[PDB]
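Here you get one chain, nothing else, as structure tokens; it is the form deposited in one PDB entry.
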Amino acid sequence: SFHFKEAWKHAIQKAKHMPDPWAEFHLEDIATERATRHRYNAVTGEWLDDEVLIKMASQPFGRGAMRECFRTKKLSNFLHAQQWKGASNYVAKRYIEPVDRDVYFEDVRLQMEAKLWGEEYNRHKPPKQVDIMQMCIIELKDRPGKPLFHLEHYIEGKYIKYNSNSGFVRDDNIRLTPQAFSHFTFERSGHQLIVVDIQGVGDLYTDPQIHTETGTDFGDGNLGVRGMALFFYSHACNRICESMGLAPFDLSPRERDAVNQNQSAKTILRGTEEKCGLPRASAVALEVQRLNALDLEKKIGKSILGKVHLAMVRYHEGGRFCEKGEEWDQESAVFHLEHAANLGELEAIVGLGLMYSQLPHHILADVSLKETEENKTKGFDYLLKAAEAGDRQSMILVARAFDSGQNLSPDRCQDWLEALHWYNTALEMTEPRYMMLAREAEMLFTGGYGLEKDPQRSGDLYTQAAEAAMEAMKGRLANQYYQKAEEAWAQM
């Protein structure tokens, strides 16, 4: 029934000959202490507390930027001696600067959620499986302060950071598994989160970071969709990503070349790999299909992928992807802004509309595009999309385009019926109201571009404009508007 027993026994006996890697630190001579261990169950969302006995070194053997590390022995093996002498070695970690107690508990919550995601990755039969180390909290009740410590089992072997939570990816012999794992978590969660900051020994990972759509849980390391943007800027899809059916993120040409520029006999497939899938593809075309299939009430802002592309735009403009002696990549910035707008981010639609129309714009303020008929057409089409999606500024701009021709698409002509429609739509929203009402009244008085004269409606609109001017405390203007209303009614 078990044709592999002997491999297990080989390993058990070799571990038996193996010495304790911490033998010379003689932790067994330390005075035993009592602590309360808090362990988190991420399926049930429940904490379990119990008592444990530990021997902890008095001095730390290492510290990062945030935490100090202490060698610790968790005491089991009271009745029978440690067969493998290293099975009770643990690392305890304490924050260097004081933190609120719940930061420890949220760090545990993070690590265990990432562990669940590793198990989900393994369920798709990857060529190399992964595992996120379990981590818990120990509280030293007897010590002053009731100090909290993170606790993980010690793992001997070379420690490697495969990627960071800020875009770093190993600039040498890359491994396919950590990167494919991160990408898999982006797709399988439906773009709601990504697990990055992959690091540890082999594929035994520890201290991961999760970026979520909201950005609020999992501590200060949650950079939200900015973190997903940082990941996908540097991510190169490999054979594992493909074998699981992950769609590549749409990178610009320059970004594509930089990613291909960054060798070894890396990890090899086996043929059992299953397709990922809630799950969402990472490519803009498939996401456009998803939004089209969804019964939209002319709805926009429903794409997380578009927000990731927008965060990319803002990182470009901010110099995050620039080396110290270069000019920041405007071309790729506009590429990602286009992708964000086609995925329904209203800020991107308005920004591209203003930019292609040669109008002033906030996003990518210092970027200027060529004045062409194609670009003028694109700018007006974007501004029309923004107006149809509720943006008042674009509404007013489109009205003035159909009115006077300013910033109108060269594919289109002046049209005062359309202009009146857009003026009215903007007016119904809770650039002054009386000015737009008076412009309407003037168009009705005059007529033209498909709009026949209407003296009575013109007088009524001049009257409404005068009343709105009174509401604005512009009495003299209200008198002028009343004069115009009587002037229009006298045309009859």
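We number the residues from 1 along the sequence you see. In this text, the rigid core denotes the largest set of C-alpha atoms whose superposition between the two forms falls within 1.5 Å.
Separately, the form deposited with a small molecule bound exists; it is not shown, and the next lines address it.
Student: With the cut-off set at 4.5 Å between non-hydrogen atoms, does residue 207 touch the small molecule in the deposited complex?
Tutor: Yes.
Student: Check residue 93 for me: does it contact the small molecule in the deposited complex (non-hydrogen atoms, 4.5 angstroms)?
Tutor: Residue 93: contacts the small molecule in the deposited complex.
Student: Check residue 84 for me: does it contact the small molecule in the deposited complex (non-hydrogen atoms, 4.5 angstroms)?
Tutor: No, residue 84 is distant from the partner.
Student: Please determine whether residue 152 contacts the small molecule in the deposited complex, using a 4.5 Å cut-off between heavy atoms.
Tutor: Contact with the small molecule, yes.
Student: Would you mind picking the one in 26, 34, 453, 63 that has a heavy atom within 4.5 Å of the small molecule in the deposited complex?
Tutor: The residue from 26, 34, 453, 63 that makes the contact is 63.
Student: The small molecule isn't shown here, but in the deposited complex which of 439, 457, 67, 55 has a heavy atom within 4.5 Å of it?
Tutor: By the 4.5 Å criterion, the partner-contacting residue is 67.
Student: Out of 232-240, 176-184, 153-161, 388-396, where are the residues with a heavy atom within 4.5 Å of the small molecule in the deposited complex?
Tutor: Correct option: 153-161.
Student: Kindly specify the one residue in 411, 331, 119, 217 whose Cα moves by 2 Å or more between the shown form and the other one, with superposition done on the rigid core.
Tutor: Of all the options, the C-alpha that shifts by at least 2 Å belongs to 411.
Student: Against the rigid core, is the Cα displacement of residue 35 between the shown form and the other one at least 2 Å?
Tutor: No, residue 35 moves less than 2 Å.
Student: Once the core is superposed between the shown form and the other one, does residue 239 show a C-alpha displacement of at least 2 Å?
Tutor: After core superposition, the C-alpha of residue 239 moves less than 2 Å between the shown form and the other one.
Student: Once the core is aligned, please say if the CA of residue 49 is shifted by at least 2 angstroms between the shown form and the other one.
Tutor: Not so; residue 49 is displaced by less than 2 Å.
Student: Specify closer or farther for residue 22 and residue 81: how their Cα atoms are spaced in the deposited complex versus the shown form, given a shift of 3 angstroms or more.
Tutor: Result: farther.
Student: Do residue 82 and residue 140 move together or apart in the deposited complex, judged by C-alpha distance changing 3 Å or more?
Tutor: Residue 82 and residue 140 sit closer together in the deposited complex.
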